[PDB]
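The structure under discussion appears below in the form of structure tokens.
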Amino acid sequence: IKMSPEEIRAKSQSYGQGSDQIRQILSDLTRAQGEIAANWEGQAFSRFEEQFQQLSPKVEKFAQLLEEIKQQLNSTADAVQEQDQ
Amino acid sequence: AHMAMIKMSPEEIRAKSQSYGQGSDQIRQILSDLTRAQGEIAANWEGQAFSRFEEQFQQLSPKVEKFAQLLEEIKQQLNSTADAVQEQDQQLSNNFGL
Ligand SMILES: [Zn+2]
Ligand SMILES: [Zn+2]
Ligand SMILES: [Zn+2]
Ligand SMILES: [Zn+2]
Ligand SMILES: [Zn+2]
Ligand SMILES: [Zn+2]
Ligand SMILES: [Zn+2]
């Protein structure tokens, strides 16, 4: 009546894919941010830049958390299976 | 009459804007699916060890939601800016000549 190892393993994959995709978006859009900012005079873009730079470490930290949950879920599914045997 | 210059074509600005829009929607979808997942994990393990991740997820998710919102606002600004670049080009073109 709790989650099976089978299901925990599959949920883990969703966290892993979530981590990878957030990291890839952050990478691509960091490059875009730099190019836009470098080409735009005056401060029309300045607040967007400031907010992006403040939020990006938190988004990176979240992506790493998702990968840490994925790993923990795989270890837990393993553990459940070991008891079941 | 004029704006502070952006040294980028309307075509590239709109191409970048698309990527911000896509990034925003994707992050929003991920956060929603994984918030549902966190719900189910928490239902099944309550203790201190899982609590570490539960607490970090909860503290970081609103920041990630703010980041997705930010990305949509950048998409929107870039679309407005591309329009503006074209408009100023038009005006300069229009008023050209002796
Ligand atoms: Zn992994
Ligand atoms: Zn053009
Ligand atoms: Zn370029
Ligand atoms: Zn939009
Ligand atoms: Zn959208
Ligand atoms: Zn389930
Ligand atoms: Zn706490």
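Starting from 1 in every chain, residues are counted up; chains themselves are A, B, ... following the order of the structure tokens, and ligands are numbered from 1 as listed.
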Next on the checklist: What's around region 23-25 of chain A at 7 Å? Count only C-alpha atoms, leave out sequence neighbours fewer than 3 positions away in its own chain, and write the answer as number ranges by chain.
Outcome noted: A: 19-20, 28-29, 60, 63; B: 23
Checklist entry - For chain A against chain B, which residues fall within 6 Å using only C-alpha atoms, given as a PyMOL selection string? => result chain A and resi 18+25+39-42+59
Restricting it to N, CA, C and O atoms, dump the selection as a short mmCIF file (atom, residue, chain, number, x, y, z; two decimals), in the first residue's frame.
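Result file result_1.cif:
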```
data_model
loop_
_atom_site.label_atom_id
_atom_site.label_comp_id
_atom_site.auth_asym_id
_atom_site.auth_seq_id
_atom_site.Cartn_x
_atom_site.Cartn_y
_atom_site.Cartn_z
N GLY A 18 14.05 16.42 -15.21
CA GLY A 18 13.77 17.77 -14.72
C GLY A 18 15.05 18.54 -14.40
O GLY A 18 15.20 19.69 -14.80
N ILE A 25 18.26 24.80 -20.07
CA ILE A 25 17.61 26.12 -20.22
C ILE A 25 18.45 27.24 -19.59
O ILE A 25 18.69 28.29 -20.22
N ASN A 39 24.97 44.14 -26.11
CA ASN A 39 24.56 44.93 -27.27
C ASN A 39 23.57 46.06 -26.99
O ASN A 39 23.23 46.83 -27.89
N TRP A 40 23.09 46.18 -25.76
CA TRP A 40 22.01 47.12 -25.45
C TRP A 40 22.53 48.24 -24.55
O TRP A 40 22.89 47.98 -23.39
N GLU A 41 22.55 49.46 -25.08
CA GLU A 41 22.99 50.65 -24.33
C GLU A 41 21.88 51.19 -23.46
O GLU A 41 20.70 50.95 -23.73
N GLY A 42 22.24 51.92 -22.41
CA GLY A 42 21.27 52.40 -21.43
C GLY A 42 20.76 51.25 -20.59
O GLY A 42 21.24 50.12 -20.71
N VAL A 59 18.21 28.63 -9.08
CA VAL A 59 17.73 27.67 -10.08
C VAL A 59 18.74 26.54 -10.28
O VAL A 59 18.37 25.36 -10.39
#
```
Checklist entry - Which residues sit within 9 Å of ligand 7, counting only C-alpha atoms and all ligand atoms, listed as a ChimeraX atom specification? => result /B:51-52,55-56
Checklist entry - Among chain B, which ones does DSSP place in helix (DSSP H, G or I), written as a PyMOL selection string? => result chain B and resi 10-44+48-94
Item to check | Residue with smallest distance to residue 35 (chain B) - pool A:54, A:27, A:14, A:85, counting only C-alpha atoms | outcome: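 That would be A:14, the residue with the smallest distance to residue 35 (chain B).
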